[PDB]
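Visitor:
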Amino acid sequence: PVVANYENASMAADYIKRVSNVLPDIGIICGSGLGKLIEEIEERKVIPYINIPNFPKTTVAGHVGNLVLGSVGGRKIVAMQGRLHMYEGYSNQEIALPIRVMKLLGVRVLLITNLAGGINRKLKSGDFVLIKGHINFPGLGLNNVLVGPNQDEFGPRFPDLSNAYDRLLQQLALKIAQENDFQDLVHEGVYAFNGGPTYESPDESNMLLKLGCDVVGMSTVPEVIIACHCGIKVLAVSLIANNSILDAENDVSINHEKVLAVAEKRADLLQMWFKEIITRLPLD
Amino acid sequence: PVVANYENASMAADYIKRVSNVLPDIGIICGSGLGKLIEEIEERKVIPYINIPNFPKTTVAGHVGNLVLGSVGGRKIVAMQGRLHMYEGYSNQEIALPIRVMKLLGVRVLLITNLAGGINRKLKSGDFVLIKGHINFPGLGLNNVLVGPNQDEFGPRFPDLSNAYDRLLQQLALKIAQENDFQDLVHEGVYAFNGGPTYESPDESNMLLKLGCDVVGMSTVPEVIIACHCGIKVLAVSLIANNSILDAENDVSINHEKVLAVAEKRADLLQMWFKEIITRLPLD
Amino acid sequence: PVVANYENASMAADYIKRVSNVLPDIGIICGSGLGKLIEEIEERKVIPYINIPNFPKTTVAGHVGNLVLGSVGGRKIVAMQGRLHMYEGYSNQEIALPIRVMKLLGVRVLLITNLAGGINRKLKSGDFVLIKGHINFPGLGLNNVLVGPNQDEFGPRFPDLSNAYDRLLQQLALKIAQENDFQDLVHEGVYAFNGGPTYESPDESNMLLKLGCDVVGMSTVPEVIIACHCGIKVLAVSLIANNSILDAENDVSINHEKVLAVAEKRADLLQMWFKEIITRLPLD
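Just so you know, the sequences run in chain order A, A' and A''. A prime marks a further copy of an entry chain. Just so we're on the same page, the authors' numbering is the position in the first sequence counted from 1, plus 3. Just so we're on the same page, the authors' numbering is the position in the second sequence counted from 1, plus 3. Just so we're on the same page, the authors' numbering is the position in the third sequence counted from 1, plus 3.
#1: Can you check whether the C-beta of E252(A'') is within less than 8 Å of a C-beta belonging to chain A?
#2: What residues from chain A crowd round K213(A''), counting only those whose CB sits closer than 9 Å?
#3: Within 8 Å, do at least three Cβ pairs link the segment 257–272 of chain A' to the segment 35–48 of chain A''?
#4: In whole angstroms, what separates the C-alpha of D287(A') from that of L164(A)?
#5: Of the residues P141(A''), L177(A''), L37(A''), which one's Cα is nearest the Cα of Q84(A'')?
#6: Helix, strand or coil, according to DSSP, for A64(A) in the structure here?
#7: With a threshold of 16 other CB atoms inside 10 Å of the CB of residue 291(A''), please say whether the residue is buried or exposed.
#8: Beta-carbon of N197(A'') versus every beta-carbon of chain A: anything under 8 Å?
#9: I need the boundaries of the alpha helix (DSSP H) containing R269(A'), first residue and last residue.
#10: Taking the alpha-carbon positions, what's the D28(A') to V255(A') distance?
#11: Could you give the first and the last residue of the continuous alpha helix (DSSP H) run that contains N54(A'')?
#12: What three-state label does DSSP hand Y90(A) in the structure shown?
#13: Which chain A'' residues are close to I257(A'), counting only those with a beta carbon under 7 Å from its beta carbon?
#14: If contact is defined by three or more beta carbon pairs under 8 Å, each pair taking one atom from either stretch, is the segment 93–104 of chain A'' in contact with the segment 226–236 of chain A''?
#15: With a threshold of 7 Å on Cβ separation, who are the neighbours of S13(A'') within its own chain once the five nearest residues in sequence on each side are excluded?
#16: Could you check if residue 1(A) is buried or exposed, using at least 16 other CB atoms within 10 Å of its CB as the buried criterion?
#17: Starting from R170(A) and walking both ways along the alpha helix (DSSP H), at which residues does that stretch end?
#18: DSSP state of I44(A), grouped into three classes?
#19: Between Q186(A) and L177(A), is the Cβ-Cβ spacing less than 8 Å?
#20: Is the Cβ of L26(A') closer than 8 Å to any Cβ of chain A?
#21: How is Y202(A'') classed by DSSP in three states: helix, strand or coil?
#22: For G109(A) and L26(A), I'd like the C-alpha separation in whole angstroms.
#23: In angstroms, rounded to a whole number, what distance separates the CA positions of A64(A'') and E279(A)?
#24: Consider the Cβ of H190(A'): report whether some Cβ of chain A lies at a distance smaller than 8 Å.
#25: Can you find at least 3 beta carbon pairs, one from the segment 112–132 of chain A and one from the segment 183–202 of chain A', that sit closer than 8 Å?
#26: Where does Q181(A') land, buried or exposed, given buried means 16+ other C-beta within 10 angstroms?
#27: Return the Cβ separation of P141(A') and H259(A) in integer angstroms, given the expectation that the two are a contact with Cβ distance under 8 Å.
#28: Report yes if the C-beta of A64(A'') is less than 7 Å from at least one heavy atom of the ligand NAD; otherwise report no.
#29: Kindly indicate the opening and closing residues of the alpha helix (DSSP H) around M14(A'').
#30: Give the straight-line distance between the Cα atoms of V49(A'') and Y18(A''), rounded to the nearest whole angstrom.
#31: Kindly indicate which residue of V132(A'), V104(A'), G68(A') has the alpha-carbon position closest to the one of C216(A').
#32: Give the residues from the segment 88–99 of chain A that approach chain A' closer than 9 Å (Cβ to any Cβ), ordered along the chain.
#33: Does the Cβ-Cβ distance between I257(A) and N246(A) come in under 8 Å?
#34: Out of curiosity, what's the CA-to-CA distance linking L249(A'') and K261(A'')?
#35: Helix or strand or just coil, what does DSSP make of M105(A'')?
#36: Taking 8 Å as the threshold (beta carbon to beta carbon), is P56(A') in contact with chain A?
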C-alpha cells in the first residue's frame, strides 16, 4: 500500500540518482497545458513513473507519467511530467511520496503552476496570480494531505503554514514581470482549494467571494503542504481561465476546452517567465 | 468492489430490461415519508436491488430496497424504493451506479424530493423549495461523489454545474402549483449539503445563513451531480421540516419524528403535484 | 476491522469491569500537557489499551495508551491516558468505541479539555473557553464521526446537537472559577473543528473570524458527537495557546512547543478546577 515514509522515498531516490546522474536543486510541477518548459530541459533524462520503485500507479487515469531531470537556465532541475491530482482518487501517501523524493534528491525550491477560476472582480481570463495564502476546504474537513501517521524524518506533526508561500520568491517573480513589461497581468491573492472535479457552482463562487477568496482551483495546496512540511520553499502561480463571478452573473458555463485555450494563449510567456526566475534564483 | 463503470452499469440495465419490459423516460427518487407516488405505478414491476447484478448491497442498513418500473400519468418511469444516502457509508461508486443504470435504461429527466431544514427566514414547516443551486460542502472538501477515475462513457472529467437544476422544470413545477392554488407554499432557493447524519448545529445554521444558504439537508446533491455528469435533467424539491434559525433562537430541537410528521402532512399534495408534472413533461 | 457496535463494546467493558473492579460515573479525556489530574487518581487501576479486547491499535503513532480507573474528589472515574485524534488517521469506528465502552461502564458525564487557537479578539494565551457550540467542518464535509451504519443500541440515526454542551455544567464550571477568583480567565465561545494536522492558515483564521467562530482546534468535536449520540452529558473546555488573528496580523508563527508551554503554565490550575467540578457534580 506504499506509505510515503523515509525508507520508501529513499529507495525511489536511489534509483533516480543512479539512472539520471543529475542532482537537482529545483523542482517543477506544471498546470495542464503549461508543460512547455520541460521541452527546454537540456541534457535531459526521462524516467517513467512506472520504472521508479514505490512511485504511485497511474495507469487507471493513464496519459503521460515521467520524471524529467536536466538543466534549465544554468540550474539542475527535476520535473513531474504528468501530475497527480487528488480528485482522481490518489491517496495522501501517493501525493506525498514524489515530493518527499524531490526532498531526498536535494530539491530546495518548488515551482508550481495551475489553472484556476477568478473570484476577485479585478481578475480577467489570462491573468496570473501569485498565491500568497490559501483556504484549504479539504484540510478543514479531515481530508488534509497530512492526515495519517507523521513521518518524523521529513517534518513535524503540526506544521505552521504562515510561510508556506515564500515572500522573496513572490517578489522575484513580480520583479521579472516588471522588467519584461507584463506586470499588468500579475496579481497576488488567496487561493481556495475546491477538491473537485466539478467546477465551483455559481453559488459556491458567490460564497467564496464573501469569504475573501481571490481564486479557486482543484490543485496545488496538497503539494504546497507536503513541501512546507519537509522544508522546501514554494512559489505557486495560478493562470486565470475565467472569472467565475462574472460568469455566474451572465449565466455562462466553464469548460475544460476553454480552460486549455487560455493555457495555450499564455504557455510561452509563462515558460519565459519561469526560465528567468530559475536563472535568478539564489545559489543557496 | 464494483466500480460504477460502463460495463457494470450495462449488466444491471440488461437484467432490468429483460425482467420488466419497461423502457422508462423518467426517474424518481423520493424523500423519506414521500413515497406514495410509487403506489400509483400502473402495470408495475418490482425488482429487489439484491436481484440486480452489480447493485449496491444494502443489508447492513436494511429496510426496503426495490427498483419499481411502470406507468405514471401516461409516462414510463423508474423509481428507487429505498434510497442510498452517503451518511450511511455508501461509496461514490455505490451512489453513482443506480443513476447511471437509469441513464442506460433511457431516463432523460430525474425528479427528486427530500426533507430539509429552513435557513431563510421566509421558510416555514410544510413549505416546498424548488432548488435552484447548491453549496456542496463535501465537494469542496474532497468528498465529491465524482472523486475517482472518470467514466468517460457517461460524461466529462470536469462538469460545470451552472445548469444542474433545469430552469424549465422549475418553471413548470411553479405553474402547476399556481393552477392548483398552493403557490403560496412554493419558494425557490439555494441548498446546502451537510454530509450528516447529525442535524446542523445551531451555530452551523447561523453560519449557513451568513453564507447565503436558504435550505440545508443531507441528501440529493450527490444524485444531482451524477445525473448532470451523464446529461440527465433534474428537478429537485425540498420539503421544509422546520426553520433551523428560529429553532436555534428558541432553543427548540429537531428530531426525525417531527420530520416524518411533516412528510405525512404534505405527502398526498406532493404526490398530486408530481403526477401532474409527469403528465405535463415534454415528450422530448 | 472492529466496528464500534454493541457486542464489541460489551466485550471490552466486560474485561475492564473484571480487571478494575471500578464502576465509573464520570469519564475524562485530556488535552496534550493537561494530564496531571490522572496523577490524583486514588485507588488507581491502569489498563493498557493493547490488553483490552477490541480497543484500537495505537502502536503506529506510539506513546502512552492506558485506560485509568479510580477515585477523584470522592467520585469514581475512568480516564483515557493517550488520546486518539482523527488527524492520526483513526477511523470513525476507532474513535467511537472507547466512548461507547465508557457508556457501558456507566459513565453519565464526560469532561474534556483541549488546546486551541483564539479567533475572537477578546482571547489571550492562557485563557480558558467553555465551549457552548461548534462549527464542524468535517461533519459538513461527509467526514462526520457518525458516518456509517447506525448502532441503534447506543442512539438514533439523526442526533440533534443543540444540547451537546450541557448548560448546567458550563454554569457550574464558571461558578467554581468565580469562587476561586480566576473568572477573568474564563470565557464562553463557539469552537471550529479544523481536521488538521496543519494549524489554521492565516487566511483560514480570517475566514473563521468572519463566520462567527471564537476558537479553532483539531479535536474534541468527534468525542462530543459520540457522547451526545449515546446520552452522555459533556463539559468541554479549550485552553487558548495563542490568538491566531493577532499572530496573522503580526506575522508570528504557531508551533507545538509554544502550545505545550502554555499547557504547562495552566496545567495545575486546570487540575484544581476539574477536581472541584467533579466534587460538585450531582450524584444523579
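Beta carbons: idealized from backbone N, C-alpha and C, even for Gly.
Guide: With the structure as the only source:
#1: By one-based count along the third sequence, residue 252(A'') stands at place 249. No, because no Cβ of chain A sits closer than 8 Å to the Cβ of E252(A'').
#2: Translated into positions along the third sequence, residue 213(A'') becomes position 210. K213, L214, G215, listed in chain order.
#3: no
#4: Residue 287(A') sits at position 284 when you count from the first residue of the second sequence. Residue 164(A) sits at position 161 when you count from the first residue of the first sequence. Spanning the two alpha carbons is a distance of roughly 54 Å.
#5: Position 81 of the third sequence holds residue 84(A''). Nearest C-alpha to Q84(A''): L37(A'').
#6: In the first sequence, counting from the first residue as 1, residue 64(A) sits at position 61. If DSSP states are grouped into helix, strand and coil, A64(A) belongs with coil.
#7: Since the first residue of chain A'' shown is 4 and the last is 287, residue 291(A'') is not available in this structure.
#8: As a working mapping, residue 197(A'') is identified with position 194 in the third sequence. Output row for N197(A''): interface = yes.
#9: Numbered from 1 along the second sequence, position 266 holds the residue referred to as residue 269(A'). Run containing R269(A'): 259–283, per the alpha helix (DSSP H) assignment.
#10: Your numbering for residue 28(A') matches position 25 in the second sequence. Your numbering for residue 255(A') matches position 252 in the second sequence. Roughly 43 Å separates the two Cα atoms.
#11: As a working mapping, residue 54(A'') is identified with position 51 in the third sequence. Segment: none, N54(A'') is in no alpha helix (DSSP H) and carries neither H nor E.
#12: Numbered from 1 along the first sequence, position 87 holds the residue referred to as residue 90(A). Helix, per DSSP.
#13: Here residue 257(A') is taken as the residue at index 254 of the second sequence, counted from 1. Result: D163.
#14: yes
#15: As a working note, residue 13(A'') is residue 10 in the third sequence. For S13(A''), where only same-chain residues beyond five positions count, the Cβ hits under 7 Å are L107.
#16: Any answer about residue 1(A) is impossible in this case: the structure gives chain A only from 4 up to 287.
#17: Residue 170(A) sits at position 167 when you count from the first residue of the first sequence. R170(A) -> alpha helix (DSSP H) spans 170–182.
#18: As a working mapping, residue 44(A) is identified with position 41 in the first sequence. Three-state result, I44(A): coil.
#19: For the purposes of this step, residue 186(A) is identified with residue 183 of the first sequence, where counting begins at 1. For the purposes of this step, residue 177(A) is identified with residue 174 of the first sequence, where counting begins at 1. Yes, they are a contact pair.
#20: Counting from one through the second sequence, the residue named residue 26(A') turns up at place 23. Answer no: the Cβ-Cβ gap between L26(A') and chain A never drops below 8 Å.
#21: In the third sequence, the residue the question calls residue 202(A'') occupies position 199. In this structure, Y202(A'') counts as coil in the three-state DSSP scheme.
#22: Taking the first sequence and counting its residues from 1, one reaches residue 109(A) at position 106. Taking the first sequence and counting its residues from 1, one reaches residue 26(A) at position 23. The straight-line gap from Cα to Cα measures roughly 7 Å.
#23: Against the third sequence, residue 64(A'') aligns to sequence position 61. Against the first sequence, residue 279(A) aligns to sequence position 276. Whole-angstrom Cα-Cα distance: 44 Å.
#24: In the second sequence, residue 190(A') corresponds to position 187, counting from 1. Cβ-Cβ to chain A under 8 Å: no for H190(A').
#25: no
#26: Locating residue 181(A') in the second sequence gives position 178, where the first residue counts as 1. Exposed.
#27: One-based indexing of the second sequence puts residue 141(A') at position 138. One-based indexing of the first sequence puts residue 259(A) at position 256. At roughly 22 Å, the Cβ-Cβ gap does not stay under 8 Å, so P141(A') and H259(A) are not in contact.
#28: Among the ligands in the structure shown, none appear at all, so the ligand NAD cannot be discussed.
#29: Against the third sequence, residue 14(A'') aligns to sequence position 11. Here the alpha helix (DSSP H) through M14(A'') covers 9–23.
#30: Stepping through the third sequence from its first residue, residue 49(A'') is reached at position 46. Stepping through the third sequence from its first residue, residue 18(A'') is reached at position 15. For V49(A'') and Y18(A''), the distance between alpha carbons rounds to 13 Å.
#31: As a working mapping, residue 216(A') is identified with position 213 in the second sequence. Of the candidates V132(A'), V104(A'), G68(A'), the one whose C-alpha sits nearest the C-alpha of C216(A') is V132(A').
#32: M89, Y90, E91, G92
#33: For the purposes of this step, residue 257(A) is identified with residue 254 of the first sequence, where counting begins at 1. For the purposes of this step, residue 246(A) is identified with residue 243 of the first sequence, where counting begins at 1. Going by C-beta atoms, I257(A) is not nearer than 8 Å to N246(A).
#34: As a position in the third sequence, residue 249(A'') is number 246, starting the count at 1. As a position in the third sequence, residue 261(A'') is number 258, starting the count at 1. Taking the straight line joining both Cα atoms gives about 15 Å.
#35: Working through the third sequence from its first residue, we reach residue 105(A'') at position 102. In the structure shown, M105(A'') sits in a helix (DSSP, three-state: H, G or I).
#36: Numbered from 1 along the second sequence, position 53 holds the residue referred to as residue 56(A'). Chain A, which has no Cβ nearer than 8 Å to the Cβ of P56(A'), makes this no.
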